[PDB]
There are 2 protein chains.
Amino acid sequence: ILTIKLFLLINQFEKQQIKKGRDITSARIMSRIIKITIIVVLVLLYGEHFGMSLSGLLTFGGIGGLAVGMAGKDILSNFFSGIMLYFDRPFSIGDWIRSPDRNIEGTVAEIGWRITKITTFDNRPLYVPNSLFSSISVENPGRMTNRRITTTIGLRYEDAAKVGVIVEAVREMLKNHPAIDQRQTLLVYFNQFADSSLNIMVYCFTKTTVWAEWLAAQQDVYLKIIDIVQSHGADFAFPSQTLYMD
Amino acid sequence: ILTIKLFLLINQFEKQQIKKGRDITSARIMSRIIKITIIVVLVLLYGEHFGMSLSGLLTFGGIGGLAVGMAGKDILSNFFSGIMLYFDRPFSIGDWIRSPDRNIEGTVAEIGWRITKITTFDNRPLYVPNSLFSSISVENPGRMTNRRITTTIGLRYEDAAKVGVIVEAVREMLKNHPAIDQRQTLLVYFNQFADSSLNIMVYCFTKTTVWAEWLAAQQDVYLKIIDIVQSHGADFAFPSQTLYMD
């Protein structure tokens, strides 16, 4: 009677699946799989009332469970990481996340029990298994406080005598710029002998975190830098070579 | 009598395989494998009525089951992932999928219990084990909402005084173009000092998602960009060098 009840229940489940709309063969095969697994479990549980010695059954069940345990590790791992994300999550719906270990970049669209759906920056959906969030470092640019401007000014080797003043000038321009956050790092220094140029690093932060505003401020700063460099009598260096001709 | 019945059943199976059409030698070897497996299982189950002490049998069965369980991990993992895909699938038949972790690019043709068949873009079939879908990130470009146009305009360093206006002009052209989606990201900014050029980024989206229509719109935009750049007295930069000769 227990087997009859279970068979009726799963047959109702299969009929419900078919009504919802699915392939005939796939539904029948799934129902047959449920048949076989239920029968195996019941025989493993009813192996003494009409069954056999509890030593062969122990070995058979152990081998089967051991194979099933190794085979099903990844699916269960994804679902466990989903529970973990439900309780402890480093991100929320709608913020931009990133990783230096894997490519998961985009904005979080949905958090599920098995996978997380992320909208990439070319407007495509990306489905990330949840277990990844238990082993990789996750960055959250959606929670940043400042945007950073970094660049290099490569002057010609003949402009060495003009390096110092130029550096000072650039620094002054950055300390009076309305878009630059004066409470963050602000560095302008000559710090590299390159192959064809002397390199000055520029390193600062903007107040805003908006993409377009940061880009506009960066363009303004770059144009001002060009003006400063050219007004002092220096120039930007192309890749350079010394040629000895026969 | 149980062994006789099982032997008759598998012999009928072998004859059916031969009738369906298969190598006779391979069928005989398969039938012999089924023989040996059935005999081993039955002895493991009937090891007390006429068998031995239930301590050596336990050890033998444990060693055998441990080896069999670790050897069969991959096949069972593929089938478990097939069941998972039957219940929870990030794609349907006919859409184009991709992955940043493995090369699986193409359009989904068939979803099976063990493998998934995908048609590549050079019209070849590719068979992907299902277990991969439990551990890699899957992108679905077949479900995209927009296509993206990104490019770089590289102007000569002598065109610095013409950067600003050019940027504005390009931006205006993108805001009046009938093929550009005005509700998405639209960025045109000077954002890079390159080795031989000043670089302006172009970043926008098209309304359509069709391949040929997107390519036609991109070609139209590129030709308009060339016209805008040349009409303002600037030019595109080749790789440049400064040469010092003896």
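As a convention, Cβ positions derive from the backbone with ideal geometry for all residues, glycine included, and neighbour counts pool all protein chains shown. Read the figures in this text as sums done on the coordinates, not as results from a lab.
Can you tell me which condition residue B:36 does not meet? The list is (1) touching a helix residue (DSSP H, G or I) at 6+ places or on another chain (Cβ under 9 Å); (2) in a helix (DSSP H, G or I), and all the others hold.
The single condition residue B:36 does not satisfy is (1).
Select from the range B:92-149 the residues that are of a type in the set (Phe, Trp, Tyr) and closer than 29 Å to residue A:108 by Cα and list them in ascending order.
B:96, B:133 - these are the residues of the range B:92-149 that are of a type in the set (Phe, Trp, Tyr) and closer than 29 Å to residue A:108 by Cα.
Among the residues of the range A:34-47, are any at the interface with chain B (Cβ under 9 Å from one of its Cβ atoms) and crowded, with 16+ Cβ neighbours inside 10 Å?
No, because not a single residue in the range A:34-47 is at the interface with chain B (Cβ under 9 Å from one of its Cβ atoms) and crowded, with 16+ Cβ neighbours inside 10 Å.
Which residues, taken from the range B:227-246, are touching a residue at least 40 places away in the same chain (Cβ under 8 Å) and facing chain A (nearest Cβ under 9 Å)?
Hits for the range B:227-246 are B:239, B:240.
Which of the residues belonging to the range B:1-33 are acidic (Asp, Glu) and surrounded by fewer than 12 Cβ atoms within 10 Å (Cβ to Cβ)?
Within the range B:1-33, B:23 is the sole residue that qualifies.
Looking only at the range B:142-161, decide whether some residue is in contact (Cβ under 8 Å) with a residue 60 or more places away in the chain, part of a helix (DSSP H, G or I) and either within 20 Å of the chain's Cα centre (by Cα) or more than 10 Å from chain A (Cβ to nearest Cβ) (or both).
yes
Are any residues in the range B:189-237 among the hydroxyl-bearing types (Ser, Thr, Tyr), buried (at least 17 other Cβ atoms within 10 Å of the Cβ) and not in a loop (DSSP other than H, G, I, E, B), and if so, which ones?
Step one: list which residues in the range B:189-237 are among the hydroxyl-bearing types (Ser, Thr, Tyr), which gives B:189, B:196-197, B:203, B:206, B:208-209, B:222, B:231.
From what is left, the residues that are buried (at least 17 other Cβ atoms within 10 Å of the Cβ) are B:189, B:197, B:203, B:206.
Across the range B:189-237, the qualifying residues are B:189, B:203, B:206.
Working carefully through the options A:148, A:156, A:143, find the one that is under 25 Å from residue A:239 (Cβ atoms), surrounded by fewer than 19 Cβ atoms within 10 Å (Cβ to Cβ) and of a type in the set (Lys, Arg).
Testing whether each residue is under 25 Å from residue A:239 (Cβ atoms), surrounded by fewer than 19 Cβ atoms within 10 Å (Cβ to Cβ) and of a type in the set (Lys, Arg) leaves just A:156.
Quick check on my filter: what residues within the range B:193-226 are within 14 Å of chain A (Cβ to nearest Cβ) and acidic (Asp, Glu)?
Answer for the range B:193-226, where residues must be within 14 Å of chain A (Cβ to nearest Cβ) and acidic (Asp, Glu): just B:195.
Can you name the residue in the range B:68-79 that is in contact with a helix residue (DSSP H, G or I) (Cβ under 6 Å, 6 or more places away or on another chain) and touching a residue at least 12 places away in the same chain (Cβ under 8 Å) and, of all such residues, is farthest from residue B:142 (Cα to Cα)?
Per the stated criteria, the residue is B:77.
Which one of the conditions (1) within 23 Å of residue B:190 (Cβ to Cβ); (2) touching a helix residue (DSSP H, G or I) at 6+ places or on another chain (Cβ under 8 Å) does residue A:198 fail to meet, given that it meets all the rest?
Residue A:198 satisfies all of (1) within 23 Å of residue B:190 (Cβ to Cβ); (2) touching a helix residue (DSSP H, G or I) at 6+ places or on another chain (Cβ under 8 Å) except (1).
Residue A:182 is checked against (1) surrounded by 13 or more Cβ atoms within 10 Å (Cβ to Cβ); (2) away from every other protein chain (no Cβ under 11 Å); (3) under 16 Å from residue A:221 (Cα atoms); (4) touching a helix residue (DSSP H, G or I) at 6+ places or on another chain (Cβ under 8 Å) and fails just one. What number does that condition carry?
Result: residue A:182 passes all but (1).
Which of the numbered conditions does residue A:83 fail, given that it passes all the others? Conditions: (1) without any contact (Cβ under 8 Å) to a residue 24 or more places away in the chain; (2) out of contact with any helix residue (DSSP H, G or I) (no Cβ under 6 Å at 6 or more places or on another chain).
Against the list (1) without any contact (Cβ under 8 Å) to a residue 24 or more places away in the chain; (2) out of contact with any helix residue (DSSP H, G or I) (no Cβ under 6 Å at 6 or more places or on another chain), residue A:83 comes up short only on (1).
May I ask you to list the residues in the range B:1-27 that are in contact (Cβ under 8 Å) with a residue 40 or more places away in the chain and touching a helix residue (DSSP H, G or I) at 6+ places or on another chain (Cβ under 6 Å)?
none
Inside the range A:48-105, can you point out the residues that are under 25 Å from residue B:82 (Cα atoms) and charged (D, E, K, R)?
A:73, A:74, A:102
Which members of the range B:162-188 meet the condition of being outside any strand (DSSP E or B), touching a strand residue (DSSP E or B) at 6+ places or on another chain (Cβ under 7 Å) and within 22 Å of residue B:211 (Cα to Cα)?
Selection gives B:174, B:179, B:181, B:184, B:185, B:186.
Of (1) within 13 Å of chain A (Cβ to nearest Cβ); (2) assigned to a helix (DSSP H, G or I), residue B:27 satisfies all except one. Which?
Evaluating residue B:27 over (1) within 13 Å of chain A (Cβ to nearest Cβ); (2) assigned to a helix (DSSP H, G or I) leaves (1) as the failure.
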